[PDB]
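**Student:** Structure below; questions to follow.
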Number of protein chains: 4
Amino acid sequence: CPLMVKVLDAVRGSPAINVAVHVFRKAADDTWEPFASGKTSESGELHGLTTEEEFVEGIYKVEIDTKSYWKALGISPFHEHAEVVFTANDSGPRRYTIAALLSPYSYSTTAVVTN
Amino acid sequence: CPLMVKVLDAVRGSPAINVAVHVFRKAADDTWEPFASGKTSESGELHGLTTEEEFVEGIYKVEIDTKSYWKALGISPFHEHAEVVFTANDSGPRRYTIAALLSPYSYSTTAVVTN
Amino acid sequence: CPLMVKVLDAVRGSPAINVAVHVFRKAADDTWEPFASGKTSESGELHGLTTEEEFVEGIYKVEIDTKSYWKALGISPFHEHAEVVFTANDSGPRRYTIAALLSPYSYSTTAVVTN
Amino acid sequence: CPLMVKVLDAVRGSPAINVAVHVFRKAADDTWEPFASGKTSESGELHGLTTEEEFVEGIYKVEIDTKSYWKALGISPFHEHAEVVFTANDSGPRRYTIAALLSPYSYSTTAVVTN
Ligand SMILES: O=C(O)c1cc(Cl)c2oc3ccccc3c(=O)c2c1
Ligand SMILES: O=C(O)c1cc(Cl)c2oc3ccccc3c(=O)c2c1
Ligand SMILES: [Ca+2]
Ligand SMILES: [Ca+2]
Ligand SMILES: [Ca+2]
Ligand SMILES: [Ca+2]
């Protein structure tokens, strides 16, 4: 699988478990078409979103549903979601790990890209 | 003005100057409609985006054109842009500062909400 | 003043107020000697730590007492403190802002160096 | 091994390889005694620093030699090192992953603590 998502909780110092993640791909008409979705495991990782065949060149949006995560823990956070938008595979296939570090009023997102 | 945006450059250790910023408000049909925009100043700040009367409760998206910023510096970026999506909530008097700290393959964003 | 420290709270989305900050300069015997200190203001900022004449080239450590900050808010922290160690270098006129963004199990720090 | 260190490069979107890491433990006389050291692998991870028997309660300092890393890549960075100071094992043994995300003028550090 060439796209993995990892989410961490900076309040608890733990993986962020059961975080919903939706991936979209920009269509020819410039709309966001649904591409894949899943939820993080007990390790905070989401594997198996897509395949080498399906994950073609394009502009992708990874929406990490941070508000739903915080609300399930009884917390009212600031952001609706974390949104990571990037062009993928423009110079051939790559493997992408998208990591997000979450706090109620702040997040960071980082990409590790390997060949 | 109840909404300010501040952008910093983690590679050069400087304000991120002349970065385009677009603010959208979510419409009833779930589309994003333009709300305010500008370019960051020499201090990395964008003031005067909106007024108290215009900035009603709702869902807002702040899109920071990070790819064009890095390209103007000759540095290869990952993201198309940085997105910050949040709900404005009238809980007494409030001023929102949206800060973004930019690196080529990572960004962080924080909200500082003060009375 | 050539050195300012700014501290933000990523859990509450606020300046980090009344945080103790200690600055040390590395002495010839590799020990850290006290140089300046204070507490952050209601804006999360600590101004007036030093003067142009006092702030010579050398290695400095900024220690931010994050554990006491979180304890005063009733929140369980990981770190004893946040440390920022850097060399001051006379490359033309320079002002240093050391910013720290605090969460219970994570912090980030950035230097904004301006002319 | 109950202490692992992971380092990422936010400029390249890659593991930070060959980063030196020194761990110290506060001694009874309040000095930092050397505890363990190593270097990150091609994955950006440093395993095998210590053992369950050796990693007793205490206050530990993890120094990540970021300046040497950037200088080996031909870059002049701001910080001397990243310094992570924490009390370990106070409520019994835990496993600690310390992650650092590096840019030339900024870094973040996060702890994931598991039982
Ligand atoms: O007001 C400033 O001068 C200033 C300077 C720095 Cl380095 C800053 O770094 C930051 C790093 C992460 C998140 C927010 C900030 C800031 O809001 C910030 C503000
Ligand atoms: O693989 C891990 O166990 C692990 C642990 C921690 Cl704390 C991590 O913190 C991070 C903080 C910012 C950006 C990325 C990461 C990570 O990718 C990360 C990975
Ligand atoms: Ca292509
Ligand atoms: Ca309301
Ligand atoms: Ca010099
Ligand atoms: Ca104990």
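Within each chain, counting starts at residue 1; across the structure tokens, chains are named A, B, ... in the order shown, with ligands numbered 1 upward in that order.
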Which residues are near residue C:25? Cut-off 7 Å, only C-alpha atoms, ignore same chain within fewer than 4 positions. Put them as a PyMOL selection string.
**Tutor:** chain C and resi 32-35+59-61
**Student:** Just want the residues within 8 Å of ligand 1, written as a VMD selection string, counting only C-alpha atoms and all ligand atoms.
**Tutor:** (chain B and resid 6 8 13 to 14 99 to 101 108 to 110 112) or (chain C and resid 6 to 8 97 to 101 108 to 112)
**Student:** Quick one: write out the picked residues with C-alpha atoms as a short mmCIF file (atom, residue, chain, number, x, y, z; two decimals), in the first residue's frame?
**Tutor:**
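Okay, this is what ended up in selection.cif:
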```cif
data_model
loop_
_atom_site.label_atom_id
_atom_site.label_comp_id
_atom_site.auth_asym_id
_atom_site.auth_seq_id
_atom_site.Cartn_x
_atom_site.Cartn_y
_atom_site.Cartn_z
CA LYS B 6 0.06 34.91 10.73
CA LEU B 8 6.06 31.81 9.61
CA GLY B 13 13.50 31.53 10.44
CA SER B 14 11.50 34.47 9.18
CA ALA B 99 -1.07 30.94 12.82
CA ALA B 100 0.72 28.61 10.41
CA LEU B 101 4.34 27.46 10.68
CA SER B 108 1.50 23.23 11.80
CA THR B 109 -1.44 25.45 12.57
CA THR B 110 -2.71 26.82 15.85
CA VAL B 112 -5.20 31.63 19.51
CA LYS C 6 6.64 33.97 23.11
CA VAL C 7 4.72 30.97 24.47
CA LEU C 8 1.39 29.56 23.25
CA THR C 97 12.11 35.82 18.72
CA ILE C 98 12.00 32.36 20.30
CA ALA C 99 8.47 30.96 20.11
CA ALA C 100 7.24 27.79 21.80
CA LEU C 101 3.92 26.05 21.16
CA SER C 108 7.51 22.89 19.08
CA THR C 109 9.93 25.77 18.98
CA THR C 110 10.82 28.15 16.18
CA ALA C 111 13.23 31.04 15.86
CA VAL C 112 12.21 34.12 13.92
#
```
**Student:** Restrict the calculation to only C-alpha atoms and all ligand atoms, then for each residue of chain A with any atom at most 8 Å from an atom of ligand 3 give the closest atom pair and their distance in Å to one decimal, rows by chain and rising residue number, as a tab-separated table.
**Tutor:**
```
residue	atom	partner	partner_atom_place_in_ligand_line	distance
A:57	CA	ligand 3	1 (Ca)	6.9
A:89	CA	ligand 3	1 (Ca)	6.9
A:90	CA	ligand 3	1 (Ca)	3.8
A:91	CA	ligand 3	1 (Ca)	5.3
A:92	CA	ligand 3	1 (Ca)	7.0
```
**Student:** List the neighbours of stretch 81-87 of chain B out to 9 Å using only C-alpha atoms; skip same-chain residues closer than 3 positions along the sequence, and give me the result as a PyMOL selection string.
**Tutor:** (chain A and resi 78-86) or (chain B and resi 57-68+78+98+100+102+107-109)
**Student:** Would you mind exporting N, CA and C atoms of the selected residues as a PDB file, in the first residue's frame?
**Tutor:**
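This went into result_38.pdb:
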```pdb
ATOM      1  N   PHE A  78     -11.138  23.037  18.235  1.00  0.00           N
ATOM      2  CA  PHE A  78     -11.272  24.210  17.376  1.00  0.00           C
ATOM      3  C   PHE A  78     -11.555  23.847  15.916  1.00  0.00           C
ATOM      4  N   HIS A  79     -10.789  22.919  15.354  1.00  0.00           N
ATOM      5  CA  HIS A  79     -10.841  22.636  13.929  1.00  0.00           C
ATOM      6  C   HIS A  79     -11.921  21.615  13.604  1.00  0.00           C
ATOM      7  N   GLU A  80     -12.438  21.700  12.384  1.00  0.00           N
ATOM      8  CA  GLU A  80     -13.373  20.683  11.915  1.00  0.00           C
ATOM      9  C   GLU A  80     -12.645  19.407  11.537  1.00  0.00           C
ATOM     10  N   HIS A  81     -11.524  19.546  10.852  1.00  0.00           N
ATOM     11  CA  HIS A  81     -10.740  18.403  10.427  1.00  0.00           C
ATOM     12  C   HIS A  81      -9.376  18.945  10.057  1.00  0.00           C
ATOM     13  N   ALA A  82      -8.425  18.041   9.867  1.00  0.00           N
ATOM     14  CA  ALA A  82      -7.141  18.396   9.286  1.00  0.00           C
ATOM     15  C   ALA A  82      -7.177  17.963   7.832  1.00  0.00           C
ATOM     16  N   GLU A  83      -6.667  18.817   6.948  1.00  0.00           N
ATOM     17  CA  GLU A  83      -6.830  18.652   5.509  1.00  0.00           C
ATOM     18  C   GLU A  83      -5.454  18.723   4.863  1.00  0.00           C
ATOM     19  N   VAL A  84      -5.039  17.642   4.211  1.00  0.00           N
ATOM     20  CA  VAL A  84      -3.707  17.544   3.622  1.00  0.00           C
ATOM     21  C   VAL A  84      -3.886  17.383   2.117  1.00  0.00           C
ATOM     22  N   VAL A  85      -3.437  18.363   1.335  1.00  0.00           N
ATOM     23  CA  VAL A  85      -3.676  18.388  -0.109  1.00  0.00           C
ATOM     24  C   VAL A  85      -2.334  18.386  -0.825  1.00  0.00           C
ATOM     25  N   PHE A  86      -2.153  17.445  -1.754  1.00  0.00           N
ATOM     26  CA  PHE A  86      -0.851  17.263  -2.390  1.00  0.00           C
ATOM     27  C   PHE A  86      -1.003  16.584  -3.740  1.00  0.00           C
TER      28      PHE A  86
ATOM     29  N   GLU B  57     -21.203  33.613  12.993  1.00  0.00           N
ATOM     30  CA  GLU B  57     -20.977  32.197  13.247  1.00  0.00           C
ATOM     31  C   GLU B  57     -21.131  31.404  11.958  1.00  0.00           C
ATOM     32  N   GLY B  58     -20.369  30.332  11.859  1.00  0.00           N
ATOM     33  CA  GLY B  58     -20.394  29.493  10.682  1.00  0.00           C
ATOM     34  C   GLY B  58     -19.092  28.733  10.587  1.00  0.00           C
ATOM     35  N   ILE B  59     -18.965  27.974   9.509  1.00  0.00           N
ATOM     36  CA  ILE B  59     -17.755  27.218   9.240  1.00  0.00           C
ATOM     37  C   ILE B  59     -16.943  27.976   8.205  1.00  0.00           C
ATOM     38  N   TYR B  60     -15.668  28.184   8.514  1.00  0.00           N
ATOM     39  CA  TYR B  60     -14.752  28.934   7.676  1.00  0.00           C
ATOM     40  C   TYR B  60     -13.571  28.060   7.294  1.00  0.00           C
ATOM     41  N   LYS B  61     -13.030  28.337   6.113  1.00  0.00           N
ATOM     42  CA  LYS B  61     -11.810  27.705   5.640  1.00  0.00           C
ATOM     43  C   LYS B  61     -10.800  28.790   5.303  1.00  0.00           C
ATOM     44  N   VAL B  62      -9.603  28.685   5.877  1.00  0.00           N
ATOM     45  CA  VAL B  62      -8.477  29.550   5.531  1.00  0.00           C
ATOM     46  C   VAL B  62      -7.516  28.723   4.691  1.00  0.00           C
ATOM     47  N   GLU B  63      -7.301  29.141   3.447  1.00  0.00           N
ATOM     48  CA  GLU B  63      -6.407  28.458   2.521  1.00  0.00           C
ATOM     49  C   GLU B  63      -5.174  29.328   2.338  1.00  0.00           C
ATOM     50  N   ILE B  64      -4.011  28.781   2.664  1.00  0.00           N
ATOM     51  CA  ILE B  64      -2.743  29.496   2.607  1.00  0.00           C
ATOM     52  C   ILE B  64      -1.964  28.918   1.434  1.00  0.00           C
ATOM     53  N   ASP B  65      -1.581  29.770   0.478  1.00  0.00           N
ATOM     54  CA  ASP B  65      -0.954  29.281  -0.759  1.00  0.00           C
ATOM     55  C   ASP B  65       0.532  29.028  -0.537  1.00  0.00           C
ATOM     56  N   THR B  66       0.806  27.913   0.128  1.00  0.00           N
ATOM     57  CA  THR B  66       2.174  27.588   0.506  1.00  0.00           C
ATOM     58  C   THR B  66       3.011  27.164  -0.694  1.00  0.00           C
ATOM     59  N   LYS B  67       2.410  26.493  -1.678  1.00  0.00           N
ATOM     60  CA  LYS B  67       3.201  26.024  -2.808  1.00  0.00           C
ATOM     61  C   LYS B  67       3.828  27.194  -3.557  1.00  0.00           C
ATOM     62  N   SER B  68       3.045  28.250  -3.811  1.00  0.00           N
ATOM     63  CA  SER B  68       3.588  29.420  -4.494  1.00  0.00           C
ATOM     64  C   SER B  68       4.648  30.116  -3.653  1.00  0.00           C
ATOM     65  N   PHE B  78       5.878  20.085  -0.776  1.00  0.00           N
ATOM     66  CA  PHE B  78       4.980  18.934  -0.831  1.00  0.00           C
ATOM     67  C   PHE B  78       3.515  19.317  -1.056  1.00  0.00           C
ATOM     68  N   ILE B  98      -5.157  32.897  13.515  1.00  0.00           N
ATOM     69  CA  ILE B  98      -4.812  31.618  12.904  1.00  0.00           C
ATOM     70  C   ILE B  98      -3.341  31.722  12.527  1.00  0.00           C
ATOM     71  N   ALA B 100       0.202  29.768  11.134  1.00  0.00           N
ATOM     72  CA  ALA B 100       0.723  28.613  10.413  1.00  0.00           C
ATOM     73  C   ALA B 100       2.237  28.689  10.382  1.00  0.00           C
ATOM     74  N   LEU B 102       5.406  26.981   8.546  1.00  0.00           N
ATOM     75  CA  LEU B 102       5.579  26.271   7.281  1.00  0.00           C
ATOM     76  C   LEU B 102       6.970  25.666   7.141  1.00  0.00           C
ATOM     77  N   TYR B 107       3.515  21.241   7.912  1.00  0.00           N
ATOM     78  CA  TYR B 107       3.087  22.509   8.478  1.00  0.00           C
ATOM     79  C   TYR B 107       2.325  22.259   9.761  1.00  0.00           C
ATOM     80  N   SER B 108       2.319  23.270  10.611  1.00  0.00           N
ATOM     81  CA  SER B 108       1.496  23.228  11.801  1.00  0.00           C
ATOM     82  C   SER B 108       0.605  24.453  11.805  1.00  0.00           C
ATOM     83  N   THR B 109      -0.556  24.312  12.424  1.00  0.00           N
ATOM     84  CA  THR B 109      -1.440  25.448  12.566  1.00  0.00           C
ATOM     85  C   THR B 109      -2.049  25.452  13.956  1.00  0.00           C
TER      86      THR B 109
END
```
**Student:** Using only C-alpha atoms, find the residues of chain A whose closest atom to chain C is at most 6 Å away, then write them as an mmCIF file with N, CA, C and O atoms, in the first residue's frame.
**Tutor:**
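What landed in iface-v7.cif:
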```
data_model
loop_
_atom_site.group_PDB
_atom_site.id
_atom_site.type_symbol
_atom_site.label_atom_id
_atom_site.label_comp_id
_atom_site.auth_asym_id
_atom_site.auth_seq_id
_atom_site.Cartn_x
_atom_site.Cartn_y
_atom_site.Cartn_z
ATOM 1 N N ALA A 10 -1.418 14.566 21.148
ATOM 2 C CA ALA A 10 -0.398 15.302 21.886
ATOM 3 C C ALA A 10 -0.833 15.658 23.303
ATOM 4 O O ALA A 10 -0.009 16.146 24.082
ATOM 5 N N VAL A 11 -2.102 15.438 23.648
ATOM 6 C CA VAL A 11 -2.560 15.636 25.017
ATOM 7 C C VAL A 11 -2.230 14.423 25.858
ATOM 8 O O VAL A 11 -1.754 14.545 26.992
ATOM 9 N N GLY A 13 -0.226 11.724 24.752
ATOM 10 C CA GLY A 13 1.007 11.048 24.403
ATOM 11 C C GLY A 13 0.728 9.627 23.978
ATOM 12 O O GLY A 13 1.320 8.670 24.485
ATOM 13 N N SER A 103 -3.755 18.365 18.835
ATOM 14 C CA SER A 103 -4.134 18.991 20.091
ATOM 15 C C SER A 103 -5.469 19.687 19.863
ATOM 16 O O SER A 103 -5.863 19.921 18.717
ATOM 17 N N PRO A 104 -6.201 20.031 20.930
ATOM 18 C CA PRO A 104 -7.540 20.605 20.709
ATOM 19 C C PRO A 104 -7.570 21.876 19.873
ATOM 20 O O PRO A 104 -8.536 22.065 19.125
ATOM 21 N N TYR A 105 -6.557 22.743 19.955
ATOM 22 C CA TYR A 105 -6.526 24.000 19.212
ATOM 23 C C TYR A 105 -5.366 24.066 18.225
ATOM 24 O O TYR A 105 -5.040 25.150 17.735
ATOM 25 N N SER A 106 -4.760 22.928 17.888
ATOM 26 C CA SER A 106 -3.595 22.962 17.025
ATOM 27 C C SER A 106 -3.370 21.582 16.435
ATOM 28 O O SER A 106 -3.661 20.572 17.079
#
```
**Student:** Among chain B, which residues does DSSP mark as strand (DSSP E or B) when it is run on the backbone? Keep the chain and numbering as in the structure and answer as number ranges by chain.
**Tutor:** B: 3-9, 14-15, 20-26, 32-39, 45-46, 58-64, 79-88, 95-103, 106-114
**Student:** Give me, please, the distance in Å between atom CA of residue C:24 and atom CA of residue C:55, quoted to one decimal.
**Tutor:**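 These two atoms are separated by 11.1 Å.
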